[PDB]
Structure formats: C-alpha cells, structure tokens
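**Student:** Please see the structure below; I have some questions.
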Amino acid sequence: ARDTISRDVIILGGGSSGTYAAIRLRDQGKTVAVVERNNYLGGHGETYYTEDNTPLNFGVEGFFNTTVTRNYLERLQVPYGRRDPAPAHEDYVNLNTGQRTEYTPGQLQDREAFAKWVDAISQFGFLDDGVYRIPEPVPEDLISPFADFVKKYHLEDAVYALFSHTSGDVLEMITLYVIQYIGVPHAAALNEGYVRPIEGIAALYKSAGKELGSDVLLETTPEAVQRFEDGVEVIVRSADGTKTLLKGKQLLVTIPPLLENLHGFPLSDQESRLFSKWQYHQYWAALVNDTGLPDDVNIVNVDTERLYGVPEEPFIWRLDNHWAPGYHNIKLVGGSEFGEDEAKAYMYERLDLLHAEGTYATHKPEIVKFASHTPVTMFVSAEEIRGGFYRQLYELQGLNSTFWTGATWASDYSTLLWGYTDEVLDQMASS
Ligand SMILES: *Cc1cc2c(cc1C)nc1c(=O)[nH]c(=O)nc-1n2C[C@H](O)[C@H](O)[C@H](O)COP(=O)(O)OP(=O)(O)OC[C@H]1O[C@@H](n2cnc3c(N)ncnc32)[C@H](O)[C@@H]1O
Ligand SMILES: *[C@@H]1O[C@H](CO)[C@@H](O)[C@H](O)[C@H]1NC(C)=O
Ligand SMILES: *[C@@H]1O[C@H](CO)[C@@H](O)[C@H](O)[C@H]1NC(C)=O
Ligand SMILES: *[C@@H]1O[C@H](CO)[C@@H](O)[C@H](O)[C@H]1NC(C)=O
C-alpha cells in the first residue's frame with residue numbers, strides 16, 4: 001500500500017457538492033482528502049474547450065445568482081457573469097415524429113407560467129431552500145401526481161414551461177419532484193438569469209483543483225470502508241492499481257446512495273432499508289458536431305400528440321446550439337434501463353427522422369462527448385414519503401462518523417446543494 005493519508009474529513013466524490021465541501025472545510029481549518037472516480041473534478045459540471053478556448057458547457061449551464069453562489073465563485077477567484085447563450089431562433093419540433101410544429105396552443109411562456117406556479121406552491125414554504133423537510137402528516141397535494149395537481153390548482157396553461165425546466169416527464173412525476181426541479185428559488189433564478197464562470201463551468205473546478213493539489217485522488221474509488229463511532233477508515237483503489245488507506249475523523253459521502261453504489265460500505269439495517277427504496281432515471285449529456293443542423297437554431301421538443309405538449313420518456317430534452325459553430329448539446333432522459341447504447345441509438349434515430357421527414361438536412365453527427373449523468377431524479381414512491389421517508393433519511397446523518405450530501409439529499413441544483421452541504425458541515429462541526 002501507499003503511505004496512509006490521515007485527514008479530518010474524507011470526501012467521497014469530487015463533484016459539485018464534494019468540491020464545495022472540500023473548500024469550505026479547509027477554510028474552517030479541517031484537512032481533507034477527496035476521492036474522485038473520474039479523471040477530473042466537477043461531476044456534472046463539464047466543459048469542452050475548442051482550439052480557440054471557447055468553453056462549451058455540456059452539463060451544468062449555470063448557477064443561481066445568490067449570496068451563496070457569489071461567495072463561492074469569488075472565494076475561488078473565478079471571473080463570472082450572467083449566462084449569455086449564442087443567438088438562436090427557436091424551432092418547435094415534435095422529435096417523436098420528426099415533424100415541425102408550433103408552441104403548444106394555450107401554453108404560457110416561462111415568466112407567466114412561473115407566476116401561476118409559484119402562487120400554487122407557496123404553501124410548501126418548507127421546500128424554499130430545496131431541502132426535503134416535510135411535515136408529517138404529509139400534505140396530500142404535495143405527493144399527488146403533478147398531472148392531478150395542475151388540474152386542481154388550475155395550472156394547465158403553465159405545464160410546458162415547467163417541463164422545459166424539469167429533466168424528466170413531469171406528467172409521470174408527483175408534485176414534490178417537479179417542485180424540486182422548478183420551485184421558488186429556481187423560478188427566481190431563471191427570471192433573473194443564471195450566472196456562470198466566463199471560462200466555462202470547468203474553470204471553477206480547475207481553480208479548486210489547483211488549491212487542493214495532492215489532496216485530490218483522481219481515478220480513485222472506495223474499495224472497503226470501516227465506520228467507527230470516532231473515525232473512519234477508507235481503503236481506496238486507483239487506476240494504477242495502488243491502494244491507499246485513508247483515515248478520517250469524519251466521512252462525507254456525495255456518491256448517490258444506491259445500494260449497488262455502496263459496495264464495500266457497511267450499512268445499518270435502517271440505511272439498507274431506506275436505500276433499497278430508490279427509484280431513478282437515466283440522463284445522457286451529449287456534445288455533438290457535424291450534424292447538418294443550422295448553427296442558429298435551438299430545437300424545442302413539443303409532443304403534439306400529448307397533453308400540454310409534454311413528451312414521454314425516453315426523449316431529447318434539449319437540443320441547443322453553441323458560440324462555436326457546428327457544436328450542439330443534446331440532452332436525453334429515460335427510465336432506469338435507458339443506458340448508453342440505447343441513448344446513443346435513440347439520439348441517432350431522432351436525428352435521422354428529421355432528415356426523413358424533410359425537416360432538417362441532418363446526417364449522422366460526430367460525438368465529441370457522451371457523458372453519463374445517471375442517476376438523475378433519485379426518488380421514492382408517494383407511499384414511502386407519506387410514511388416519513390425523508391425524515392428517516394435525514395435521521396441517518398452522523399451515524400458512525402458518516403455524513404451525506406448531494407443531489408439525492410436536496411434539490412439537484414449546485415446553488416441549493418451548496419446551501420444544504422453547509423448545513424451538513426455545520427452538523428459535522430457540532431461540539
Ligand atoms: C446531469 C446534469 C446536471 C445538471 C445540469 C445538466 C445536466 C445534464 N444543469 C444544471 C444547471 O444548469 N445548474 C445546476 O445548478 N445544476 C445543474 N445540474 C445538476 C447537477 O447534478 C448539480 O449541479 C450537481 O452537479 C450535483 O452535485 P452532486 O455533488 O450531488 O453530484 P455530481 O456533481 O455528479 O458529483 C458526484 C461525484 O461523485 C463521483 N463519484 C460517483 N461515484 C463515485 C465513487 N464510487 N467513487 C468516487 N467518486 C465517485 C462522480 O464522478 C462525481 O464527480
Ligand atoms: C447578481 O446579484 C447581485 C445582487 O443582487 C447583483 O448586484 C448583480 O448585478 C447580479 N449579477 C448579474 C445580474 O449577473
Ligand atoms: C457502527 O459502530 C458500532 C460500534 O462500533 C457497530 O456496532 C456498528 O456495526 C457500526 N455500524 C456501521 C453501519 O458501521
Ligand atoms: C468537430 O469537433 C471535433 C472536436 O473538436 C473537431 O476536431 C472537428 O474538426 C469538428 N468537425 C467539424 C466538421 O467542424
């Protein structure tokens with residue numbers, strides 16, 4: 001084995017929440033090691049740089065312009081500003097049929113849709129910061145099907161706009177999870193405009209990586225964990241085959257807590273029971289070029305044969321252009337079995353259909369990146385929520401020196417995850 005590394009906190013996953021935690025902990029005077037599966041920091045925060053250093057973000061697009069965000073970007077010395085995407089006209093296209101259409105009749109634009117939606121969900125103020133702190137008994141409207149909620153709250157004209165900001169088929173989701181994609185802070189942020197680093201989302205992670213240096217272990221994963229009342233041990237494995245023992249006073253886990261993800265990780269009966277309940281979706285973030293598409297179009301997917309224009313999974317959620325000519329992002333969402341080969345084939349088939357129908361002169365594109373964002377939408381049934389799933393989930397925090405954060409534990413937006421992570425760090429700093 002390599003020389004044992006002892007730190008105050010071992011952090012599993014150097015994505016958005018793990019990197020934030022690392023920087024915040026260091027500033028608190030706690031030492032860290034970050035264990036990261038990939039060969040880069042940032043997880044869903046991904047940038048491809050062209051020859052002339054144009055940043056092509058193909059995961060995260062931006063952050064909410066709040067104190068938490070500004071403090072962090074400023075902390076890391078990262079120049080930032082309002083997101084200003086390349087010029088584009090919107091073409092409404094039914095990607096399920098390959099045929100051009102228009103915005104669904106009766107559907108509102110974002111600002112007007114958000115106003116009606118925010119009024120309807122204001123009653124769930126406990127979700128204002130994206131944390132699943134739900135009173136029990138659970139308000140039944142919160143765990144009703146979104147499709148039912150929009151009828152009851154007279155929001156039928158707002159649905160497409162909400163879908164457009166939710167990476168999933170909203171008509172098959174309960175209301176809670178739609179709120180956790182396009183709720184109160186989310187709507188405010190979109191109305192104002194996101195902020196992001198000038199030199200790409202990856203610039204944040206490059207800066208953090210420079211600070212953290214050898215305390216980041218890239219292409220490294222936990223192999224065997226021991227969790228004690230006062231400390232942890234994590235045996236990690238690196239791509240070069242070396243193993244390292246990490247000793248921590250505490251452990252912070254940003255890995256999605258699917259049971260299959262927690263091999264080597266001892267779990268209590270309660271942890272095992274709760275984590276057995278997860279359901280999820282797959283999410284693929286592609287950057288393509290040589291597509292035959294117009295440089296100046298964003299293609300907006302409207303299902304003309306479905307209620308409110310919302311497509312059924314699997315679907316292309318986004319198909320938008322870039323400042324660098326020829327490059328497009330394609331984001332695809334499906335069920336838990338919508339894996340890499342299925343998603344690539346689906347993408348190619350949708351693009352081919354546009355040609356077959358005479359809509360665009362597409363040809364098979366070049367894939368620059370095809371990134372897994374699976375799992376997305378870690379969720380449980382309405383019945384589990386009614387039985388206090390999220391209360392029980394949060395009660396897990398702190399067992400045997402172990403703490404958790406990330407997209408499973410709070411609304412899956414970097415700004416909100418940073419806020420929740422700070423709450424977890426506060427718990428970790430209890431005296
Ligand atoms: C998928 C996605 C997400 C996204 C987005 C667009 C796409 C396509 N647009 C966003 C946006 O514009 N604004 C925003 O704030 N968020 C947006 N998101 C959501 C995104 O998930 C969050 O911003 C955030 O990235 C989630 O943070 P979290 O820390 O929970 O997750 P992560 O970034 O994926 O990082 C997890 C890290 O853990 C590593 N990992 C996984 N398994 C292991 C193991 N076994 N060992 C070690 N490391 C592991 C991952 O590699 C990753 O780095
Ligand atoms: C972000 O918010 C701050 C505080 O409200 C504001 O001063 C600043 O101009 C905003 N930046 C933008 C619009 O990018
Ligand atoms: C936590 O520590 C206690 C005491 O050492 C032990 O009995 C238990 O198995 C541990 N649980 C986990 C999940 O590590
Ligand atoms: C597409 O992108 C790749 C990778 O950046 C580049 O090498 C290639 O020249 C591009 N193709 C076209 C047609 O511009």
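Going through the structure tokens in order, the chains are called A, B, and so on, while each chain numbers its residues from 1 and the ligands are numbered from 1 in the order shown.
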Just want the residues within 9 Å of ligand 3, written as a list in words, counting only C-alpha atoms and all ligand atoms.
**Tutor:**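 Residues lying within 9 Å of ligand 3: residues 225, 226, 227, 228, 229, 230, 265, 266, 267, 268, 269, 271, 399, 400, 401 and 402 of chain A.
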**Student:** For the residues in that selection, give me C-alpha atoms as a PDB file, in the first residue's frame.
**Tutor:**
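Full text of again-v8.pdb as output:
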```pdb
ATOM      1  CA  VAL A 225     -14.931   1.246   4.393  1.00  0.00           C
ATOM      2  CA  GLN A 226     -14.956   0.919   8.169  1.00  0.00           C
ATOM      3  CA  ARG A 227     -17.199   3.307  10.103  1.00  0.00           C
ATOM      4  CA  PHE A 228     -16.426   3.872  13.793  1.00  0.00           C
ATOM      5  CA  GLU A 229     -18.113   5.986  16.463  1.00  0.00           C
ATOM      6  CA  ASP A 230     -14.975   8.169  16.436  1.00  0.00           C
ATOM      7  CA  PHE A 265     -19.611   0.240   2.617  1.00  0.00           C
ATOM      8  CA  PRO A 266     -21.109  -1.248   5.868  1.00  0.00           C
ATOM      9  CA  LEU A 267     -24.733  -0.153   6.294  1.00  0.00           C
ATOM     10  CA  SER A 268     -27.090  -0.285   9.266  1.00  0.00           C
ATOM     11  CA  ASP A 269     -30.371  -2.168   8.839  1.00  0.00           C
ATOM     12  CA  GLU A 271     -29.696   2.537   5.996  1.00  0.00           C
ATOM     13  CA  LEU A 399     -24.083   7.572  12.246  1.00  0.00           C
ATOM     14  CA  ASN A 400     -20.554   6.285  12.909  1.00  0.00           C
ATOM     15  CA  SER A 401     -18.833   9.493  11.838  1.00  0.00           C
ATOM     16  CA  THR A 402     -20.574   9.400   8.432  1.00  0.00           C
TER      17      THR A 402
END
```
**Student:** List as a tab-separated table every residue of chain A that is in contact with ligand 2, defined as an atom at most 12 Å from one of its atoms (using only C-alpha atoms and all ligand atoms), together with the nearest atom pair and the distance in Å rounded to one decimal, sorted by chain and then rising number.
**Tutor:**
```
residue	atom	partner	partner_atom_place_in_ligand_line	distance
A:62	CA	ligand 2	14 (O)	11.1
A:63	CA	ligand 2	14 (O)	10.4
A:64	CA	ligand 2	1 (C)	8.6
A:65	CA	ligand 2	1 (C)	4.9
A:66	CA	ligand 2	2 (O)	6.2
A:67	CA	ligand 2	4 (C)	7.4
A:68	CA	ligand 2	2 (O)	10.8
A:69	CA	ligand 2	1 (C)	9.5
A:70	CA	ligand 2	1 (C)	7.8
A:71	CA	ligand 2	3 (C)	11.0
A:79	CA	ligand 2	14 (O)	11.3
A:80	CA	ligand 2	14 (O)	8.1
A:81	CA	ligand 2	14 (O)	4.9
A:82	CA	ligand 2	14 (O)	4.1
A:83	CA	ligand 2	14 (O)	7.8
A:84	CA	ligand 2	14 (O)	9.9
A:188	CA	ligand 2	2 (O)	11.5
A:189	CA	ligand 2	1 (C)	9.7
A:190	CA	ligand 2	13 (C)	11.2
A:191	CA	ligand 2	13 (C)	10.6
A:192	CA	ligand 2	13 (C)	6.8
A:193	CA	ligand 2	13 (C)	7.0
A:194	CA	ligand 2	14 (O)	7.3
A:195	CA	ligand 2	14 (O)	5.7
A:196	CA	ligand 2	14 (O)	8.7
A:197	CA	ligand 2	14 (O)	10.8
A:198	CA	ligand 2	14 (O)	11.4
```
**Student:** Pull the closest atom pair for each residue of chain A that gets at most 12 Å from ligand 4, along with the distance in Å to one decimal, counting only C-alpha atoms and all ligand atoms, ordering rows by chain and then ascending residue number, as CSV.
**Tutor:**
```
residue,atom,partner,partner_atom_place_in_ligand_line,distance
A:47,CA,ligand 4,5 (O),12.0
A:48,CA,ligand 4,5 (O),8.2
A:49,CA,ligand 4,5 (O),7.9
A:50,CA,ligand 4,5 (O),5.7
A:51,CA,ligand 4,5 (O),7.4
A:52,CA,ligand 4,5 (O),10.4
A:53,CA,ligand 4,5 (O),10.7
A:54,CA,ligand 4,5 (O),10.6
A:55,CA,ligand 4,5 (O),11.4
A:56,CA,ligand 4,5 (O),10.2
A:287,CA,ligand 4,2 (O),9.1
A:288,CA,ligand 4,1 (C),7.3
A:289,CA,ligand 4,1 (C),5.0
A:290,CA,ligand 4,13 (C),4.5
A:291,CA,ligand 4,13 (C),8.2
A:292,CA,ligand 4,13 (C),9.3
A:293,CA,ligand 4,13 (C),11.5
A:295,CA,ligand 4,14 (O),11.5
A:324,CA,ligand 4,14 (O),9.4
A:325,CA,ligand 4,14 (O),7.7
A:326,CA,ligand 4,14 (O),6.2
A:327,CA,ligand 4,1 (C),7.1
A:328,CA,ligand 4,1 (C),10.2
A:363,CA,ligand 4,13 (C),11.5
A:364,CA,ligand 4,13 (C),11.6
A:365,CA,ligand 4,1 (C),9.0
A:366,CA,ligand 4,1 (C),6.5
A:367,CA,ligand 4,2 (O),7.9
A:368,CA,ligand 4,4 (C),5.8
A:369,CA,ligand 4,4 (C),9.2
```
**Student:** If we count only C-alpha atoms and set the cut-off at 6 Å, which residues sit around residue 98 in chain A, ignoring sequence neighbours fewer than 2 positions away in its own chain? Please answer as an NGL selection string.
**Tutor:** :A and (94-96 or 353-354)
**Student:** Can I get the selection written as a compact mmCIF listing (two decimals), in the first residue's frame, with N, CA and C atoms?
**Tutor:**
```txt
# COMPACT_ATOMS: atom_id res chain seq x y z
N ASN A 94 -41.70 18.32 -33.11
CA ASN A 94 -42.06 17.09 -32.43
C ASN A 94 -40.97 16.06 -32.73
N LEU A 95 -40.04 15.87 -31.80
CA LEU A 95 -38.91 14.99 -32.07
C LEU A 95 -39.36 13.53 -32.08
N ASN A 96 -40.55 13.24 -31.53
CA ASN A 96 -41.11 11.90 -31.57
C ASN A 96 -41.54 11.53 -33.00
N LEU A 353 -34.61 10.89 -38.30
CA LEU A 353 -36.02 11.10 -38.61
C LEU A 353 -36.25 12.54 -39.08
N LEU A 354 -35.47 13.50 -38.57
CA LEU A 354 -35.58 14.88 -39.01
C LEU A 354 -35.26 14.99 -40.50
```
**Student:** Can you work out which one of A:417, A:224, A:319, A:425 has the shortest atom-to-atom distance to ligand 1, counting only C-alpha atoms and all ligand atoms?
**Tutor:** A:417
**Student:** Within 7 Å of ligand 1, which residues show up when you count only C-alpha atoms and all ligand atoms? List them as a PyMOL selection string, please.
**Tutor:** chain A and resi 12-18+35-38+41-45+58-63+220-222+254-256+261+283-285+331+373+376+405-408+412-415+417
**Student:** Let's have the selection written as a CSV table (one decimal), in the first residue's frame, with N, CA and C atoms.
**Tutor:**
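Writing the result to selection09.csv gives the following:
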```
chain,number,residue,atom,x,y,z
A,12,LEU,N,-16.0,11.5,-0.3
A,12,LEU,CA,-16.2,10.6,-1.4
A,12,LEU,C,-17.0,11.3,-2.5
A,13,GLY,N,-16.3,11.5,-3.7
A,13,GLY,CA,-16.9,12.2,-4.8
A,13,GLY,C,-16.4,13.7,-4.9
A,14,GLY,N,-15.7,14.0,-5.9
A,14,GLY,CA,-15.2,15.4,-6.1
A,14,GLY,C,-16.0,16.1,-7.2
A,15,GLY,N,-17.4,16.0,-7.1
A,15,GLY,CA,-18.3,16.7,-8.0
A,15,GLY,C,-18.6,18.1,-7.3
A,16,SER,N,-19.9,18.5,-7.6
A,16,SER,CA,-20.3,19.8,-7.1
A,16,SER,C,-20.2,19.9,-5.6
A,17,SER,N,-20.9,19.0,-4.9
A,17,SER,CA,-21.1,19.1,-3.5
A,17,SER,C,-19.8,18.8,-2.8
A,18,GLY,N,-19.1,17.8,-3.3
A,18,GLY,CA,-17.8,17.4,-2.7
A,18,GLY,C,-16.7,18.4,-2.8
A,35,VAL,N,-11.9,11.8,-2.8
A,35,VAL,CA,-11.8,10.6,-3.6
A,35,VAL,C,-12.7,10.7,-4.8
A,36,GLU,N,-12.1,10.7,-6.0
A,36,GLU,CA,-12.9,11.0,-7.2
A,36,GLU,C,-12.7,9.9,-8.3
A,37,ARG,N,-13.8,9.4,-8.7
A,37,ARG,CA,-13.9,8.3,-9.7
A,37,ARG,C,-13.3,8.7,-11.1
A,38,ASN,N,-13.7,9.9,-11.5
A,38,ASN,CA,-13.3,10.4,-12.8
A,38,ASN,C,-11.9,11.0,-12.9
A,41,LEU,N,-12.3,17.0,-11.7
A,41,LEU,CA,-13.3,17.4,-10.7
A,41,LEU,C,-14.5,18.1,-11.4
A,42,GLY,N,-15.6,17.9,-10.8
A,42,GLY,CA,-16.8,18.7,-11.1
A,42,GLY,C,-18.0,17.8,-11.4
A,43,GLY,N,-17.9,16.5,-11.7
A,43,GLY,CA,-19.0,15.7,-11.9
A,43,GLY,C,-19.8,16.1,-13.1
A,44,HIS,N,-21.1,16.6,-12.8
A,44,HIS,CA,-22.0,17.1,-13.9
A,44,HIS,C,-21.6,18.4,-14.4
A,45,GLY,N,-20.6,19.0,-13.9
A,45,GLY,CA,-20.0,20.3,-14.3
A,45,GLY,C,-18.9,20.0,-15.3
A,58,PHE,N,-21.5,21.3,-21.4
A,58,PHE,CA,-22.4,20.3,-21.9
A,58,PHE,C,-23.1,19.6,-20.8
A,59,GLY,N,-22.9,20.0,-19.5
A,59,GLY,CA,-23.6,19.5,-18.4
A,59,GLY,C,-24.3,20.7,-17.7
A,60,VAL,N,-23.9,21.1,-16.5
A,60,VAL,CA,-24.4,22.3,-15.8
A,60,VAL,C,-24.2,23.5,-16.8
A,61,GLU,N,-25.2,24.3,-16.8
A,61,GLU,CA,-25.2,25.5,-17.6
A,61,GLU,C,-24.9,26.8,-16.8
A,62,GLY,N,-25.3,26.8,-15.5
A,62,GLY,CA,-25.1,27.9,-14.7
A,62,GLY,C,-25.6,27.8,-13.3
A,63,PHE,N,-25.5,28.8,-12.5
A,63,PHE,CA,-25.8,28.8,-11.0
A,63,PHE,C,-26.8,30.0,-10.7
A,220,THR,N,-9.9,7.3,-8.6
A,220,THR,CA,-9.8,6.6,-7.3
A,220,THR,C,-11.2,6.4,-6.7
A,221,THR,N,-11.4,5.2,-6.2
A,221,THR,CA,-12.8,4.9,-5.6
A,221,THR,C,-12.6,4.2,-4.3
A,222,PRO,N,-13.6,4.3,-3.4
A,222,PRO,CA,-13.5,3.5,-2.2
A,222,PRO,C,-13.7,2.0,-2.5
A,254,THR,N,-20.8,11.9,-1.2
A,254,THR,CA,-21.6,12.5,-2.2
A,254,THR,C,-22.0,11.6,-3.3
A,255,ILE,N,-21.6,10.3,-3.2
A,255,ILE,CA,-22.0,9.3,-4.1
A,255,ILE,C,-23.5,9.1,-4.0
A,256,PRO,N,-24.2,8.9,-5.1
A,256,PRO,CA,-25.7,8.6,-5.0
A,256,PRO,C,-25.8,7.3,-4.2
A,261,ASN,N,-24.1,1.2,-5.5
A,261,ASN,CA,-23.0,2.1,-5.5
A,261,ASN,C,-22.2,2.0,-4.2
A,283,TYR,N,-29.8,9.7,-17.6
A,283,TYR,CA,-29.6,11.1,-18.2
A,283,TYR,C,-28.3,11.1,-18.9
A,284,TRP,N,-28.3,11.5,-20.2
A,284,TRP,CA,-27.2,11.5,-21.0
A,284,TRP,C,-26.9,12.9,-21.6
A,285,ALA,N,-25.7,13.4,-21.4
A,285,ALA,CA,-25.4,14.7,-21.8
A,285,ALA,C,-24.4,14.7,-22.9
A,331,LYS,N,-29.4,16.6,-24.8
A,331,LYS,CA,-29.6,16.0,-23.5
A,331,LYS,C,-30.8,15.0,-23.6
A,373,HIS,N,-24.9,11.1,-16.9
A,373,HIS,CA,-25.4,11.8,-15.7
A,373,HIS,C,-26.4,10.9,-14.9
A,376,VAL,N,-30.2,10.3,-12.4
A,376,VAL,CA,-30.9,11.5,-12.2
A,376,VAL,C,-32.3,11.2,-11.5
A,405,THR,N,-24.2,14.2,1.4
A,405,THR,CA,-24.8,15.3,0.7
A,405,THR,C,-24.9,15.0,-0.8
A,406,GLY,N,-25.5,15.9,-1.5
A,406,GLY,CA,-25.6,15.7,-3.0
A,406,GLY,C,-27.0,15.7,-3.4
A,407,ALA,N,-27.2,15.4,-4.7
A,407,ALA,CA,-28.4,15.5,-5.5
A,407,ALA,C,-29.5,14.6,-4.9
A,408,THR,N,-29.2,13.5,-4.2
A,408,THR,CA,-30.2,12.7,-3.6
A,408,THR,C,-30.8,13.3,-2.4
A,412,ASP,N,-31.6,19.2,-6.9
A,412,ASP,CA,-30.4,18.9,-7.7
A,412,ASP,C,-30.0,20.1,-8.5
A,413,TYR,N,-29.6,21.2,-7.8
A,413,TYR,CA,-29.0,22.4,-8.4
A,413,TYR,C,-27.9,22.8,-7.5
A,414,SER,N,-26.7,23.1,-8.1
A,414,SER,CA,-25.5,23.4,-7.4
A,414,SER,C,-25.7,24.4,-6.3
A,415,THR,N,-26.4,25.5,-6.6
A,415,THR,CA,-26.5,26.5,-5.5
A,415,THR,C,-27.2,25.9,-4.3
A,417,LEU,N,-27.5,22.8,-3.5
A,417,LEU,CA,-26.7,21.7,-2.9
A,417,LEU,C,-25.6,22.3,-2.0
```
**Student:** Skip range 302-317 of chain A itself and residues of its chain fewer than 5 positions away, then list as a PyMOL selection string all residues within 6 Å of it, counting only C-alpha atoms.
**Tutor:** chain A and resi 93-94+104+160+169+331-334
**Student:** Taking only C-alpha atoms into account, which of A:205, A:126, A:346, A:146 comes nearest residue 170 in chain A?
**Tutor:** A:146
**Student:** Would you mind writing down, as number ranges by chain, each residue of range 52-291 of chain A that DSSP on the backbone assigns to helix (DSSP H, G or I)?
**Tutor:** A: 67-75, 110-121, 125-127, 140-143, 146-152, 156-164, 170-172, 175-182, 184-192, 201-215, 259-262, 269-275
**Student:** Interatomic distance between CA of residue 252 in chain A and CA of residue 21 in chain A?
**Tutor:**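 Interatomic distance here is 8.6 Å.
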